[PDB]
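Colleague:
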Amino acid sequence: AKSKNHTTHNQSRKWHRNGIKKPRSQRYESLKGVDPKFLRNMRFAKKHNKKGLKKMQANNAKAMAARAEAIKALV
Amino acid sequence: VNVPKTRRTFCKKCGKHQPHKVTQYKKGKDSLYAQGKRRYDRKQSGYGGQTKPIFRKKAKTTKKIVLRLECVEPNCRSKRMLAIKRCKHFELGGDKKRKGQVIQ
Amino acid sequence: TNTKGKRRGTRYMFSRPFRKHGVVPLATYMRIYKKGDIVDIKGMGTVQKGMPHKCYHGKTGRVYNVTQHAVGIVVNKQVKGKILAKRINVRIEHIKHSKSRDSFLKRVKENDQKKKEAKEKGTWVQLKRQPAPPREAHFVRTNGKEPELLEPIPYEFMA
RNA sequence: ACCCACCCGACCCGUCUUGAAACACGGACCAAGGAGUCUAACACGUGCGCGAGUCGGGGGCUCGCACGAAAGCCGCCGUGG
RNA sequence: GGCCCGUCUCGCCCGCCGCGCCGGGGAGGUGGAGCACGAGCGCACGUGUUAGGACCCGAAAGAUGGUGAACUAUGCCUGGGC
RNA sequence: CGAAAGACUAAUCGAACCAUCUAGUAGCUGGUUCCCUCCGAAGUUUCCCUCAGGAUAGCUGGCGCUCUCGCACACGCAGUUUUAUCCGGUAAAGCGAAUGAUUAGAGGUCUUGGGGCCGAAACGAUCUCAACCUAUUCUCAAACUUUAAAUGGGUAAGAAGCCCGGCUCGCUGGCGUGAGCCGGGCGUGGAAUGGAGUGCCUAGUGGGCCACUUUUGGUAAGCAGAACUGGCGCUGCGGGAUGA
RNA sequence: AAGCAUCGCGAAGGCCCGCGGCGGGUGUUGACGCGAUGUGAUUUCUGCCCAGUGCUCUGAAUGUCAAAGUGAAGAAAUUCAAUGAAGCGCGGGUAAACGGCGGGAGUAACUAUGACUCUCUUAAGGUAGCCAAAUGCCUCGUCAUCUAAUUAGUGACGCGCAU
RNA sequence: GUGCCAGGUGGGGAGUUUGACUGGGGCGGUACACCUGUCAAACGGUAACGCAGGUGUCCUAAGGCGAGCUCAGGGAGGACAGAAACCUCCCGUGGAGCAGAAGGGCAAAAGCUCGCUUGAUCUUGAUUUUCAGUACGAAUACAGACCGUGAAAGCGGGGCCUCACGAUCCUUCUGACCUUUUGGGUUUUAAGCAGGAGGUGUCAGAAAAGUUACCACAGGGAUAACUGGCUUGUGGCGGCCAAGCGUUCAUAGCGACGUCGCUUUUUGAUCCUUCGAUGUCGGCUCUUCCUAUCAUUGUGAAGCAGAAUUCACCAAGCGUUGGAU
RNA sequence: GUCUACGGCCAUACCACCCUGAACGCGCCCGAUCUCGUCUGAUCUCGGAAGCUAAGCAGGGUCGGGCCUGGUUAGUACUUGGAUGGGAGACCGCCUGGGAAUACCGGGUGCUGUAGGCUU
RNA sequence: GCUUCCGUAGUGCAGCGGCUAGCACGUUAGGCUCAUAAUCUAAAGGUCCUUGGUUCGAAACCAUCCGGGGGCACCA
RNA sequence: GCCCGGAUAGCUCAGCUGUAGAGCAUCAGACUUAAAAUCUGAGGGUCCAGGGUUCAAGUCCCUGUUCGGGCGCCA
RNA sequence: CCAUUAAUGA
Ligand SMILES: [Mg+2]
Ligand SMILES: [Mg+2]
Ligand SMILES: [Mg+2]
Ligand SMILES: [Mg+2]
Ligand SMILES: [Mg+2]
Ligand SMILES: [Mg+2]
Ligand SMILES: [Mg+2]
Ligand SMILES: [Mg+2]
Ligand SMILES: [Mg+2]
Ligand SMILES: [Mg+2]
Ligand SMILES: [Mg+2]
Ligand SMILES: [Mg+2]
Ligand SMILES: [Mg+2]
Ligand SMILES: [Mg+2]
Ligand SMILES: [Mg+2]
Ligand SMILES: [Mg+2]
Ligand SMILES: [Mg+2]
Ligand SMILES: [Mg+2]
Ligand SMILES: [Mg+2]
Ligand SMILES: [Mg+2]
Ligand SMILES: [Mg+2]
Ligand SMILES: [Mg+2]
Ligand SMILES: [Mg+2]
Ligand SMILES: [Mg+2]
Ligand SMILES: [Mg+2]
Ligand SMILES: [Mg+2]
Ligand SMILES: [Mg+2]
Ligand SMILES: [Mg+2]
Ligand SMILES: [Mg+2]
Ligand SMILES: [Mg+2]
Ligand SMILES: [Mg+2]
Ligand SMILES: [Mg+2]
Ligand SMILES: [Mg+2]
Ligand SMILES: [Mg+2]
Ligand SMILES: [Mg+2]
Ligand SMILES: [Mg+2]
Ligand SMILES: [Mg+2]
Ligand SMILES: [Mg+2]
Ligand SMILES: [Mg+2]
Ligand SMILES: [Mg+2]
Ligand SMILES: [Mg+2]
Ligand SMILES: [Mg+2]
Ligand SMILES: [Mg+2]
Ligand SMILES: [Mg+2]
Ligand SMILES: [Mg+2]
Ligand SMILES: [Mg+2]
Ligand SMILES: [Mg+2]
Ligand SMILES: [Mg+2]
Ligand SMILES: [Mg+2]
Ligand SMILES: [Mg+2]
Ligand SMILES: [Mg+2]
Ligand SMILES: [Zn+2]
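Protein chains in written order, with PDB author numbering: chain b, 2 to 76; chain o, 2 to 105; chain T, 2 to 160.
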């Protein structure tokens with residue numbers, strides 16, 4: 002009582018019926034697999050980004066003043 | 002195979018590489034008062050023949066040998082099992098094979 | 002059935018080409034790689050640790066992790082019904098740079114330059130690509146002479 | 001719509017099967033019966049009430065029960081899920 | 001990113017009715033069916049998976065309790081025949 | 001119980017008959033009851049004392065959700081092609097290139113030896129073959145290859161992209177790097193066609209067969225087993241007289 | 001089936017029934033008896049082998065050997081040690097118990113064979129007889145005879161797959 | 001002797017088992033868990049009881065560093081010493097060696113010889129490989145420590161890479177001033193957490209001998225024994241060439257070394273129909289058909305003088321016997 | 001033009017033979033007390049400078065071998081898709097598109113980075 | 001068919017890769033004995049079946065072919 | 001897995017710390033007129049291998065290899 | 001206590 006062992010006959014048709022997809026590419030991909038010391042220290046950098054907010058806001062205000070002087074000299 | 006009786010390797014309690022005394026691990030007595038042993042004793046007591054299977058399909062030819070690593074430095078006395086691959090010949094201090102010698 | 006080994010049928014894939022055996026050259030060791038670089042994979046038979054699997058030989062992915070002397074890469078594997086973006090750690094010597102992005106970057110730079118140019122001028126210049134057009138009808142000249150008459154050759158048995 | 005005549009088509013239904021009209025199986029004909037139901041545990045979807053609540057199980061109070069062994073109610077309105 | 005619990009590593013600080021093999025806290029890995037200003041409960045309907053006789057009809061079997069030596073098998077008792 | 005045949009034990013005997021457990025179990029056969037509409041398969045992966053069966057993916061149906069709009073004004077997706085960029089080691093071809101086989105001449109005491117002839121012998125003249133060399137020549141190789149296609153396989157063809165200015169780092173650090181946060185400025189990103197993404201349940205199936213091309217075993221087969229694709233199965237219709 | 005030959009038993013026994021009991025059959029019986037076997041009248045003969053599987057005999061000369069009991073430790077559960085019955089091992093017998101009865105080498109005035117001697121696995125190696133049988137694949141063996149013709153029949157031979 | 005425990009014996013008796021794949025099943029093998037080259041059709045994947053094979057080991061170094069050299073082979077030389085003993089020079093892309101089967105890889109190595117060593121140590125995750133994207137085994141970069149080596153760069157958490165191996169439950173050992181031992185406290189003990197081991201070779205893992213011709217049941221033409229169907233290796237039959245046989249003379253009659261075809265009158269090969277049955281061999285009787293013609297009718301050729309006999313054509317009309325076994 | 005030290009590409013660079021090297025170099029060379037390791041200062045290490053382009057090395061040449069790149073081979077072999085094309089088959093022809101490799105015949109025989117010299 | 005065994009003087013055979021292919025039964029001497037039987041030792045004794053291959057060297061190791069011989073082939 | 005024993009000359013057997021003995025066989029010698037038989041001599045010991053108390057061990061004990069027997073069975 | 005045998009013709 003022998004039988005048929007293995008084939009791939011109707012399989013490509015079955016696979017292309019439901020539309021073989023590219024994987025779900027998303028913006029801001031995950032960090033699973035990145036090396037742990039560099040994940041550790043980017044976590045420290047994201048922890049200490051809140052330090053220096055007054056310097057960042059003041060320098061952004063001076064950059065707005067610089068763009069205002071530039072558009073005043075241009076217009 | 003051949004292993005020595007001393008091995009400078011890691012110790013869990015100290016946290017450093019110390020020399021350990023190497024010997025061979027053997028099985029102990031079942032002590033007759035374990036939970037599964039007393040469960041099997043009560044399940045075997047009475048009629049019913051035998052209630053649990055006897056394995057009789059042995060296919061291996063050797064065992065994974067286990068070294069019992071015991072620390073040499075006092076006040077620690079740490080022991081640790083270390084398994085090596087399957088071998089049917091095994092010895093300690095066994096004839097360091099003397100490279101550069103006539104084989105006759 | 003066959004066997005399920007890791008290097009089953011890699012006699013020509015994970016081998017070195019002719020008269021290119023020996024010491025791996027050192028610039029190949031000291032390529033640099035950043036995150037997001039488009040990278041193709043070609044296996045090398047000399048360096049054997051960190052070797053990718055034979056189903057990635059010739060595949061191209063993007064880099065997600067850069068370790069000390071290896072590179073992690075997100076490649077695309079079609080597992081029979083779907084394409085999976087899966088992450089493999091491949092050592093440096095099995096890795097080149099893919100120049101499929103370089104022509105795109107030079108075209109982006111050329112389009113940015115040709116967009117900054119002729120913006121204050123007011124002219125609209127076509128920036129897209131365009132395939133091979135019809136061959137722009139012309140005159141085929143000859144200097145008095147006639148075309149050479151071709152003749153079907155008579156048959157004669159070679160062997 | 002009853003019968004007959006002509007032209008073309010037209011092998012006997014169900015099933016096992018890759019393949020049945022089969023020299024594969026069941027089958028004279030007709031009337032009646034005849035085969036996916038019920039309980040419990042779940043899972044998902046849907047309809048309704050209330051909403052960080054929800055449900056009254058079980059029990060008790062009202063009607064002597066035609067309709068009823070229905071319905072209504074509970075410092076038990078939450079013991080408990 | 002942040003927080004809770006289990007486990008691991010590096011170190012310090014605080015408190016007492018009993019100053020201890022006391023109790024609590026920090027930073028960073030990792031496991032969880034977690035939190036991150038709820039969504040469940042109750043009833044009814046449909047489908048699917050089960051346990052039950054389980055869509056219907058079907059065995060060769062096994063066990064329990066009884067009935068038969070009017071046929072036949074053999075032993076005994078009493079008669080008959082060649 | 002048997003002068004022994006597993007014979008007889010009420011037409012029942014290799015364990016009688018009646019009743020009950022019992023509607024015992026069965027992956028095994030047979031059957032399964034109204035109409036219309038819409039959609040619509042698989043005999044394949046893996047595991048199982050699994051090969052007549054299940055589970056799991058795949059194929060399928062239903063229930064939906066999230067968005068876009070031929071109402072003067074489209075992001076994305078492909079059994080498609082092109083533009084660049086890599087991968088091969090198959091067909092072919094080669095072995096005057098390597099490995100293995102293998103044909104025959106020619107020139108050279110490489111170098112010995114055996115049947116040999118002139119010689120007590122001699123690399124002293126003649127040639128022979130086993131293993132020698134040098135350029136040649138003939139035929140090959142699924143488990144050979146310097147080369148090496150056609151058909152294929154991945155990538156990129158933009159807003160999730162460039163160009164600037166500044167903070168953070170406990171990583172690395174001669175200064176520096178690298179990564180992460182902010183703020184600002186620039187839109188038709190090759191051809192043609194598509195309206196897309198996503199979550200639950202979920203039946204049936206898990207015996208296949210045939211044909212162009214490639215190909216294994218076999219003398220061959222309406223034989224057995226494979227690769228791509230299309231059909232029959234599930235499908236009528238015109239033709240091949242009949243007919244998968 | 002008669003004949004033949006074994007085995008057990010002297011009654012608190014042998015064989016057996018029975019859920020049970022000072023239970024029951026043989027037994028209203030007593031080795032010329034009862035129970036269990038093999039072979040199958042008369043005549044003649046019944047060869048060799050106890051290695052194996054059985055059965056059976058004794059043995060503090062004894063390897064293994066459970067429960068109960070004995071001694072030692074501890075707070076005890078528990079552990080250890082000695083002792084350690086029957087039976088298995090060891091040693092005799094037993095084949096009218098089951099059964100088995102092959103190879104190798106040397107060796108005789110033609111060749112051939114071996115009257116004779118040694119060894120093996122495992123203990124001897126098929127004795128007296130018999131046969132192409134109801135028992136022999138080759139095979140329809142070879143010879144004689146019965147026939148015109150005989151894969152049949154009978155009588156001889158033995159090399160007998162496998163008496 | 002009885003009552004209750006303990007040990008031996010026990011098919012007298014009871015229950016149950018006696019794997020799977022398979023060109024039917026048993027026997028023969030493992031294609032049952034793995035690895036290489038090919039099949040395989042230039043990504044991957046891909047089958048058969050397709051081919052050649054190999055494995056359940058081995059290694060205190062054959063693991064990890066650092067240093068110095070080059071291997072196999074050939075030529076030339078040198079007392080014994082020749083073709084192979086030992087010394088030297090030159091050529092020497094690997095034609096050697098790396099434990100094994102094969103493939104790939106490697107020349108101041110990954111080989112040989114030395115010096116030191118135990119990264120073959122402990123603890124979290126992530127990923128690849130068969131894959132369902134689940135395990136196990138193997139591997140890949142990293143992270144924290146502790147180390148070895150080297151002058152350092154660095155390398156190493158087993159073997160130059162591809163195989164050398166194993167769930168639940170139970171047992172054993174190791175570790176924490178770890179938790180519980182259910183009224184509280186101590187101790188023995190026991191149960192927990194984690195790691196390693198004792199193994200399931202039918203290798204994702206039952207504990208398992210046969211016979212049935214006294215057999216039974218549910219099924220299968222998923223699958224054989226008959227016939228029918230495809231093919232014709234084999235059996236039988238007919239040509240092509242022509243070295244020779246024939247006193248000379250290939251072809252009157254034959255015909256080697258080769259090669260092309262027919263038949264289902266033999267056996268093979270397959271499993272397409274039939275297992276809710278198609279009565280399974282011979283002999284007797286009886287009818288019809290084919291020609292690949294033994295004889296008869298008509299002919300041609302002979303190594304046809306006559307007789308007798310061979311080759312060939314038209315041709316199945318009519319015949320093809322009686323018996324011993 | 002050129003060399004040294006470290007190189008990238010890794011024969012257009014290698015291999016065999018011949019010729020030429022002024023200067024700075026690079027080496028050959030002279031010894032073994034110190035550091036160092038061998039049977040041997042041959043190698044390695046150390047301390048130097050009397051000679052030298054003899055050698056390495058650099059450049060050039062060979063109707064050189066090899067290597068790199070082209071033509072021929074050849075639109076040949078092969079090959080995607082198609083036909084109710086041929087042929088008993090084996091295979092072959094056409095449409096449609098791509099398209100090799102030998103032998104054979106030409107050209108070439110290393111470019112370049114960093115730092116420092118020489119030809120002042 | 002499959003697994004095999006052996007091809008060595010006229011004959012039964014033997015042969016550790018390096019021998020002058022041991023040796024016996026025959027044929028032919030010869031010694032000895034009074035002459036004979038047995039001898040204790042010698043000569044004329046080999047198509048290593050055949051072909052091809054490795055090794056320095058082959059009967060010995062491998063591959064094919066050619067002759068004699070042993071055993072397996074089960075149910076319907 | 002535990003316990004009880006053995007491993008010797010080419011072959012078969014004894015032998016307890018102070019040159020391992022016998023028998024079968026090989027080659028020789030001896031007796032007898034000669035042969036068979038008998039007697040004697042020589043060769044041959046990895047005491048399965050190693051380690052340990054000891055001055056010396058095969059002998060007393062363990063570690064690896066076989067030949068056995070008796071017990072007991074949980075993955 | 002053990003002790004077997006001496007080839008044919010002259
Ligand atoms: Mg199947
Ligand atoms: Mg009991
Ligand atoms: Mg069926
Ligand atoms: Mg169907
Ligand atoms: Mg069918
Ligand atoms: Mg039908
Ligand atoms: Mg029919
Ligand atoms: Mg049926
Ligand atoms: Mg009927
Ligand atoms: Mg009705
Ligand atoms: Mg469900
Ligand atoms: Mg709901
Ligand atoms: Mg509850
Ligand atoms: Mg029913
Ligand atoms: Mg049901
Ligand atoms: Mg029933
Ligand atoms: Mg039963
Ligand atoms: Mg019978
Ligand atoms: Mg429809
Ligand atoms: Mg089944
Ligand atoms: Mg290939
Ligand atoms: Mg080819
Ligand atoms: Mg089915
Ligand atoms: Mg079939
Ligand atoms: Mg008897
Ligand atoms: Mg007898
Ligand atoms: Mg006996
Ligand atoms: Mg006899
Ligand atoms: Mg007769
Ligand atoms: Mg007779
Ligand atoms: Mg039984
Ligand atoms: Mg049964
Ligand atoms: Mg089967
Ligand atoms: Mg392919
Ligand atoms: Mg080195
Ligand atoms: Mg580390
Ligand atoms: Mg190594
Ligand atoms: Mg019978
Ligand atoms: Mg039978
Ligand atoms: Mg069939
Ligand atoms: Mg037939
Ligand atoms: Mg034929
Ligand atoms: Mg002639
Ligand atoms: Mg009938
Ligand atoms: Mg009929
Ligand atoms: Mg005719
Ligand atoms: Mg007759
Ligand atoms: Mg010197
Ligand atoms: Mg010079
Ligand atoms: Mg010069
Ligand atoms: Mg040239
Ligand atoms: Zn320690």
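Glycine is no exception: its CB is placed at the ideal position from the N, C-alpha and C atoms.
(1) May I ask you to list, following chain order, the residues of the segment 82-98 of chain T that have a beta carbon less than 9 Å from some beta carbon of chain b?
(2) Does the segment 15-29 of chain T come close enough to the segment 61-79 of chain T to have 3 or more Cβ pairs within less than 8 Å?
(3) Of the residues 80(T), 34(T) and 47(T), which one's Cα is nearest the Cα of residue 56(T)?
(4) I want to see whether chain T comes within less than 8 Å of residue 72(b), judged by CB atoms only; does it?
(5) Would the segment 4-21 of chain o and the segment 74-90 of chain o be scored as touching if the rule is three or more Cβ pairs under 8 Å?
(6) Could you pull out every residue in the same chain whose Cβ sits closer than 7 Å to the Cβ of residue 46(T), ignoring the five residues on either side in sequence?
(7) Three or more C-beta pairs closer than 8 Å, one from the segment 62-78 of chain o and one from the segment 41-59 of chain b: is that the case here?
(8) Quick check: residue 119(T) and residue 109(T), are their CB atoms within less than 8 Å of each other?
(9) Identify every run of the beta strand (DSSP E) within the segment 62-109 of chain T, keeping only runs that are complete inside it and at least 3 residues long; order them along the chain.
(10) Counting along the chain, where does the alpha helix (DSSP H) carrying residue 17(b) start and finish?
(11) What is the rounded straight-line gap between the Cα of residue 70(o) and the Cα of residue 76(o)?
(12) Using a Cβ-Cβ cut-off of less than 7 Å, give me the residues of the segment 51-68 of chain T that come near chain b, in sequence order.
(13) Between residue 77(T) and chain b, is there a C-beta pair that is closer than 8 Å?
(14) If we count the other Cβ atoms within 10 Å of its Cβ and call it buried at 16 or more, is residue 144(T) buried or exposed?
(15) Under the three-state reduction of DSSP, which class applies to residue 31(o): helix, strand or coil?
(16) So, at 6 Å on beta carbons, what are the nonlocal neighbours of residue 128(T) in its own chain, with the 5 sequence-adjacent residues on each side left out?
(17) Check whether the segment 26-42 of chain T touches the segment 82-93 of chain T, counting contact only when three or more Cβ pairs, one atom from each stretch, lie closer than 8 Å.
Modeller: Working from what's here:
(1) 82, 83, 84, 85, 86, 87, 88 and 90
(2) They do not touch, by the three-pair rule.
(3) Against the third sequence, residue 56(T) aligns to sequence position 55. Of the candidates 80(T), 34(T) and 47(T), the one whose C-alpha sits nearest the C-alpha of residue 56(T) is 80(T).
(4) Against the first sequence, residue 72(b) aligns to sequence position 71. Closer than 8 Å: no.
(5) yes
(6) Position 45 of the third sequence, counted from the first residue, corresponds to residue 46(T). 15, 16 and 17, listed in sequence order.
(7) The segment 62-78 of chain o vs the segment 41-59 of chain b: no contact.
(8) The residue given as residue 119(T) occupies position 118 in the third sequence. The residue given as residue 109(T) occupies position 108 in the third sequence. Their beta carbons are not under 8 Å apart, which means residue 119(T) does not touch residue 109(T) by this criterion.
(9) 71-79 and 84-92
(10) On the first sequence, residue 17(b) is found 16 positions in, with the first residue counted as 1. In the DSSP annotation of this structure, the continuous segment of the alpha helix (DSSP H) that includes residue 17(b) starts and ends at 12-18.
(11) Start at 1 with the first residue of the second sequence, and residue 70(o) comes out as number 69. Start at 1 with the first residue of the second sequence, and residue 76(o) comes out as number 75. Going by the C-alpha atoms only, they are around 16 Å apart.
(12) Of all residues in the segment 51-68 of chain T, 65, 66 and 68 have a Cβ within less than 7 Å of some Cβ in chain b.
(13) Residue 77(T) sits at position 76 when you count from the first residue of the third sequence. Yes - at least one Cβ of chain b is within 8 Å of the one on residue 77(T).
(14) By one-based count along the third sequence, residue 144(T) stands at place 143. Exposed is the call here.
(15) Locating residue 31(o) in the second sequence gives position 30, counting from the first residue. In this structure, residue 31(o) counts as coil in the three-state DSSP scheme.
(16) For the purposes of this step, residue 128(T) is taken as residue 127 along the third sequence, with counting starting at 1. Excluding positions up to five away in sequence, the list reads 112.
(17) Contact between the segment 26-42 of chain T and the segment 82-93 of chain T is present, because at least three Cβ pairs lie under 8 Å.
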